[PDB]
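Enquirer: Pasting a structure here, questions to come.
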Amino acid sequence: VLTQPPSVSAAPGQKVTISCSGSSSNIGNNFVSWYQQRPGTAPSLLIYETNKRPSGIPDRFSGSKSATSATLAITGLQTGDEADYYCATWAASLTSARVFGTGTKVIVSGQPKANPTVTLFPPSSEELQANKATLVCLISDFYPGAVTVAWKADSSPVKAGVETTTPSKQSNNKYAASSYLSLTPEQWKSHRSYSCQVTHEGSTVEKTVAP
Amino acid sequence: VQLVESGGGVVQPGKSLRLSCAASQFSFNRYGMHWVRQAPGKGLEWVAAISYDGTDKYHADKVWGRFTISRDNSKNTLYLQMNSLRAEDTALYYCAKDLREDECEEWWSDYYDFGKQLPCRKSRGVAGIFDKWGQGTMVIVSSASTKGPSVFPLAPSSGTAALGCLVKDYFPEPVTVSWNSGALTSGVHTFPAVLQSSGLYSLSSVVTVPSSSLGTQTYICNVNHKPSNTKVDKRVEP
């Protein structure tokens, strides 16, 4: 299970760093492939065999590798570099392990950031009697539009029941997204509180509700 | 190099479907081939792989015994038999090509005798590098059809304050929402709907109004789902 940073961002010019990670079984013994995927278009090979770059790819895109990690790097950023960046490994030959990384969205924007205004709502009395539960965390007015919602119940994190929409531009050129934590009434009455952690540009904002 | 996928569409969970990938502009019989799906909008996931001769077959555990990759070098076509589908299999499937030109080194010299032919002992094998991609073909597996939205109230939180109403479990789009019979367009924010694991849609529309007018002014969420001919006027209370 190779994991990568959810989001990355930088103004045009400065250098960027993206890193994979995992056991030596799927890192050390093997090589590292990198792939770029611009929005609304198919992926493309950026780097294979850890370092070597195919033709058409500038010398800016430098690869790397270590004991239990592997780092991609982009020196001078253009508006075009703005894309999704996945890493991959294939050997030896394989196990029940994964194949591609979780992803890493690179946003190229020198424009000033705008923190998200998180709004959390608890389920309705009407809904609980309909034998269901739903927590609605609404995220609005943010930029460069890179979020990563995370739900928690009494400190402990939650995994199942989450559905998070993709960011979307508003009228004011700022982004907005919504995340729902669908639940059962029995789960909802089991914990003291439920939290909604929105991770945007490092800084995290946590709202919380209770019955 | 040019790859073109086809065969995708909308099929209920359980029923089958077959995806084809028409290879062109390269020596098909030499390179390995892969299938890579991508749920919108989430990460990539390799499905299955196959070598030049078809002797090697690879699959992900989540598709262990419900998907089988195969090829026809005579027609330069790559085939993926998708039967016993799940909703989680819903994704855009990319046809990928392996970078390493495969070649055989050791032959058995035991059987048959042409008798075509002799398989390879130590071929170069797939490298796992997806150099050339297609635009992909979409596969939609959903146990859903036309259904009306279950509207529910929302709380008063503090813009100062912020009210709304939840549009739950409906299909298909569009669903329009207004407030107080279109009298109140203002401090309104209608978020985008969702794509549930069960393939049903659900949106939310928050509204930020004077906290002083709450006890006095009453706000009524007007929902509308024309496909199901359903209209709803939900009155939101603190």
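By order in the structure tokens, chains are A, B, ...; within a chain, residues start at 1; ligands start at 1, following the order shown.
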Specify as a ChimeraX atom specification all residues of chain B found within 10 Å of chain A, counting only C-alpha atoms.

Expert: /B:36,40-47,58,60-62,94,96,99,125-136,150-159,162-166,168,189-197,202-206

Enquirer: Step one, run DSSP on the backbone; step two, keep only residues of region 55-110 of chain B assigned to strand (DSSP E or B); then write them as a PyMOL selection string.

Expert: chain B and resi 57-59+67-72+77-82+91-101+107

Enquirer: Take CA of residue 145 (chain A) and CA of residue 210 (chain A) and report the distance between them in Å, one decimal.

Expert: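 Between CA of residue 145 (chain A) and CA of residue 210 (chain A) the gap is 28.7 Å.
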
Enquirer: Of the candidates B:37, B:116, B:18, B:235, which shows the shortest atom-to-atom distance to residue 180 (chain B), using only C-alpha atoms?

Expert: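 Checking each of B:37, B:116, B:18, B:235 against residue 180 (chain B), counting only C-alpha atoms, the winner is B:235.
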
Enquirer: Using DSSP on the backbone coordinates, identify all residues within region 105-193 of chain A classified as alpha helix (DSSP H); present the result as a PDB file with N, CA, C and O atoms, in the first residue's frame.

Expert:
```pdb
ATOM      1  N   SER A 125     -34.364  14.941  13.266  1.00  0.00           N
ATOM      2  CA  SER A 125     -35.254  14.108  14.065  1.00  0.00           C
ATOM      3  C   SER A 125     -36.113  13.256  13.143  1.00  0.00           C
ATOM      4  O   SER A 125     -36.432  12.110  13.454  1.00  0.00           O
ATOM      5  N   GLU A 126     -36.474  13.828  11.999  1.00  0.00           N
ATOM      6  CA  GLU A 126     -37.320  13.148  11.024  1.00  0.00           C
ATOM      7  C   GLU A 126     -36.599  11.958  10.395  1.00  0.00           C
ATOM      8  O   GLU A 126     -37.211  10.928  10.106  1.00  0.00           O
ATOM      9  N   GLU A 127     -35.296  12.118  10.183  1.00  0.00           N
ATOM     10  CA  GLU A 127     -34.480  11.100   9.530  1.00  0.00           C
ATOM     11  C   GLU A 127     -34.229   9.908  10.450  1.00  0.00           C
ATOM     12  O   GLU A 127     -34.312   8.759  10.023  1.00  0.00           O
ATOM     13  N   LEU A 128     -33.927  10.189  11.712  1.00  0.00           N
ATOM     14  CA  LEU A 128     -33.661   9.143  12.694  1.00  0.00           C
ATOM     15  C   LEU A 128     -34.851   8.197  12.842  1.00  0.00           C
ATOM     16  O   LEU A 128     -34.681   7.009  13.113  1.00  0.00           O
ATOM     17  N   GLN A 129     -36.056   8.732  12.671  1.00  0.00           N
ATOM     18  CA  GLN A 129     -37.267   7.924  12.737  1.00  0.00           C
ATOM     19  C   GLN A 129     -37.467   7.155  11.436  1.00  0.00           C
ATOM     20  O   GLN A 129     -38.175   6.149  11.405  1.00  0.00           O
ATOM     21  N   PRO A 185     -28.499   4.749  12.824  1.00  0.00           N
ATOM     22  CA  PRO A 185     -28.894   5.364  14.097  1.00  0.00           C
ATOM     23  C   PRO A 185     -28.197   4.739  15.305  1.00  0.00           C
ATOM     24  O   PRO A 185     -27.945   5.429  16.293  1.00  0.00           O
ATOM     25  N   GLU A 186     -27.887   3.448  15.218  1.00  0.00           N
ATOM     26  CA  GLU A 186     -27.232   2.741  16.314  1.00  0.00           C
ATOM     27  C   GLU A 186     -25.778   3.172  16.470  1.00  0.00           C
ATOM     28  O   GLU A 186     -25.246   3.195  17.580  1.00  0.00           O
ATOM     29  N   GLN A 187     -25.136   3.509  15.357  1.00  0.00           N
ATOM     30  CA  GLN A 187     -23.772   4.024  15.387  1.00  0.00           C
ATOM     31  C   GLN A 187     -23.743   5.468  15.876  1.00  0.00           C
ATOM     32  O   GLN A 187     -22.806   5.890  16.555  1.00  0.00           O
ATOM     33  N   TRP A 188     -24.781   6.217  15.519  1.00  0.00           N
ATOM     34  CA  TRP A 188     -24.881   7.633  15.855  1.00  0.00           C
ATOM     35  C   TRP A 188     -25.083   7.852  17.350  1.00  0.00           C
ATOM     36  O   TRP A 188     -24.616   8.846  17.906  1.00  0.00           O
TER      37      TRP A 188
END
```

Enquirer: Region 64-71 of chain A: which residues within 8 Å, counting only C-alpha atoms, same-chain residues fewer than 6 positions away excluded, as an mmCIF file with N, CA, C and O atoms, in the first residue's frame?

Expert:
```cif
data_model
loop_
_atom_site.group_PDB
_atom_site.id
_atom_site.type_symbol
_atom_site.label_atom_id
_atom_site.label_comp_id
_atom_site.auth_asym_id
_atom_site.auth_seq_id
_atom_site.Cartn_x
_atom_site.Cartn_y
_atom_site.Cartn_z
ATOM 1 N N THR A 17 8.157 18.997 -4.397
ATOM 2 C CA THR A 17 8.606 17.684 -3.947
ATOM 3 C C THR A 17 7.428 16.757 -3.671
ATOM 4 O O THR A 17 6.551 17.075 -2.866
ATOM 5 N N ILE A 18 7.421 15.611 -4.346
ATOM 6 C CA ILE A 18 6.404 14.582 -4.148
ATOM 7 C C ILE A 18 7.084 13.262 -3.811
ATOM 8 O O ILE A 18 8.014 12.855 -4.504
ATOM 9 N N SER A 19 6.613 12.591 -2.763
ATOM 10 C CA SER A 19 7.265 11.377 -2.277
ATOM 11 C C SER A 19 6.286 10.223 -2.093
ATOM 12 O O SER A 19 5.151 10.416 -1.657
ATOM 13 N N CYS A 20 6.742 9.022 -2.444
ATOM 14 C CA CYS A 20 6.025 7.793 -2.129
ATOM 15 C C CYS A 20 6.535 7.253 -0.800
ATOM 16 O O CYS A 20 7.333 7.906 -0.125
ATOM 17 N N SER A 21 6.077 6.061 -0.431
ATOM 18 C CA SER A 21 6.526 5.413 0.793
ATOM 19 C C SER A 21 5.925 4.022 0.919
ATOM 20 O O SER A 21 4.831 3.763 0.421
ATOM 21 N N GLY A 22 6.650 3.133 1.588
ATOM 22 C CA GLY A 22 6.198 1.768 1.778
ATOM 23 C C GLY A 22 7.327 0.853 2.212
ATOM 24 O O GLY A 22 8.464 1.293 2.386
ATOM 25 N N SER A 23 7.009 -0.425 2.385
ATOM 26 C CA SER A 23 7.994 -1.414 2.811
ATOM 27 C C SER A 23 9.110 -1.548 1.783
ATOM 28 O O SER A 23 8.962 -1.131 0.635
ATOM 29 N N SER A 24 10.228 -2.130 2.202
ATOM 30 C CA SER A 24 11.355 -2.365 1.307
ATOM 31 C C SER A 24 11.011 -3.423 0.261
ATOM 32 O O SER A 24 11.696 -3.553 -0.755
ATOM 33 N N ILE A 27 9.563 -1.299 -2.539
ATOM 34 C CA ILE A 27 10.323 -0.071 -2.763
ATOM 35 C C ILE A 27 11.791 -0.385 -3.027
ATOM 36 O O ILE A 27 12.311 -0.102 -4.104
ATOM 37 N N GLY A 28 12.453 -0.971 -2.034
ATOM 38 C CA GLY A 28 13.871 -1.264 -2.126
ATOM 39 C C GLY A 28 14.217 -2.251 -3.224
ATOM 40 O O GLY A 28 15.053 -1.969 -4.082
ATOM 41 N N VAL A 32 10.983 2.320 -9.515
ATOM 42 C CA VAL A 32 9.893 3.268 -9.307
ATOM 43 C C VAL A 32 9.468 3.927 -10.615
ATOM 44 O O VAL A 32 10.287 4.523 -11.317
ATOM 45 N N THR A 50 12.960 4.361 -12.027
ATOM 46 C CA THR A 50 13.357 5.285 -10.968
ATOM 47 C C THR A 50 13.863 6.634 -11.494
ATOM 48 O O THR A 50 13.352 7.681 -11.093
ATOM 49 N N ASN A 51 14.856 6.612 -12.382
ATOM 50 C CA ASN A 51 15.514 7.841 -12.832
ATOM 51 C C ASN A 51 15.248 8.215 -14.288
ATOM 52 O O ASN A 51 14.974 9.375 -14.593
#
```

Enquirer: For residue 187 (chain B), please output as number ranges by chain all residues within 7 Å (counting only C-alpha atoms; exclusion window: fewer than 4 positions along the same chain).

Expert: B: 207-209

Enquirer: Could you please determine the separation between CA of residue 58 (chain A) and CA of residue 16 (chain A) in Å, to one decimal place?

Expert: 14.8 Å

Enquirer: At a cut-off of 8 Å, using only C-alpha atoms, what residues contact residue 77 (chain B)? Leave out same-chain residues fewer than 4 positions from it and give the result as a list in words.

Expert: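 Residues near the query, excluding close chain neighbours: residues 20, 21, 22, 23, 71, 72 and 73 of chain B.
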
Enquirer: Quick one: everything within 8 Å of residue 154 (chain A), counting only C-alpha atoms, minus sequence neighbours fewer than 3 positions away in the same chain. Send it as number ranges by chain.

Expert: A: 157, 191-195

Enquirer: How about saving the chosen residues, C-alpha atoms kept, as a short mmCIF file (atom, residue, chain, number, x, y, z; two decimals), in the first residue's frame?

Expert:
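Output below, filename result-v8.cif:
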```cif
data_model
loop_
_atom_site.label_atom_id
_atom_site.label_comp_id
_atom_site.auth_asym_id
_atom_site.auth_seq_id
_atom_site.Cartn_x
_atom_site.Cartn_y
_atom_site.Cartn_z
CA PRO A 157 -11.15 8.07 13.12
CA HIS A 191 -20.38 7.95 20.30
CA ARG A 192 -20.42 11.25 22.20
CA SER A 193 -19.59 13.42 19.19
CA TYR A 194 -18.67 13.31 15.51
CA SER A 195 -16.03 15.60 14.01
#
```

Enquirer: How many Å lie between CA of residue 119 (chain B) and CA of residue 1 (chain B), rounded to one decimal?

Expert: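 Here the two named atoms are 27.9 Å from each other.
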
Enquirer: May I have the residues within 9 Å of region 199-202 of chain A as a list in words, using only C-alpha atoms and disregarding those fewer than 5 positions away in the same chain?

Expert: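 The residues satisfying every condition are residues 7, 8, 9, 113, 115, 116, 142, 143, 144, 145, 146, 147, 148, 149 and 150 of chain A.
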
Enquirer: Residues of the last selection are to be written out with C-alpha atoms, as a PDB file, in the first residue's frame.

Expert:
```
ATOM      1  CA  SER A   7      -2.256  17.770  -2.095  1.00  0.00           C
ATOM      2  CA  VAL A   8       0.695  19.877  -3.241  1.00  0.00           C
ATOM      3  CA  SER A   9       0.823  23.507  -4.376  1.00  0.00           C
ATOM      4  CA  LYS A 113      -5.078  31.330  -0.752  1.00  0.00           C
ATOM      5  CA  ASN A 115      -9.199  29.343   4.044  1.00  0.00           C
ATOM      6  CA  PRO A 116     -12.311  27.133   4.040  1.00  0.00           C
ATOM      7  CA  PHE A 142     -11.635  28.187  -0.401  1.00  0.00           C
ATOM      8  CA  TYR A 143      -8.661  28.292  -2.755  1.00  0.00           C
ATOM      9  CA  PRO A 144      -6.526  26.916  -4.543  1.00  0.00           C
ATOM     10  CA  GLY A 145      -9.259  24.297  -4.132  1.00  0.00           C
ATOM     11  CA  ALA A 146      -7.381  21.377  -2.608  1.00  0.00           C
ATOM     12  CA  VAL A 147      -9.076  19.727   0.359  1.00  0.00           C
ATOM     13  CA  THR A 148      -8.970  16.385   2.151  1.00  0.00           C
ATOM     14  CA  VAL A 149     -11.903  15.695   4.451  1.00  0.00           C
ATOM     15  CA  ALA A 150     -11.476  13.398   7.456  1.00  0.00           C
TER      16      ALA A 150
END
```

Enquirer: Give the answer as one residue: which of B:198, B:137, B:90, B:55 has the shortest atom-to-atom distance to residue 120 (chain B), using only C-alpha atoms?

Expert: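 Of all the options, B:55 lies closest to residue 120 (chain B).
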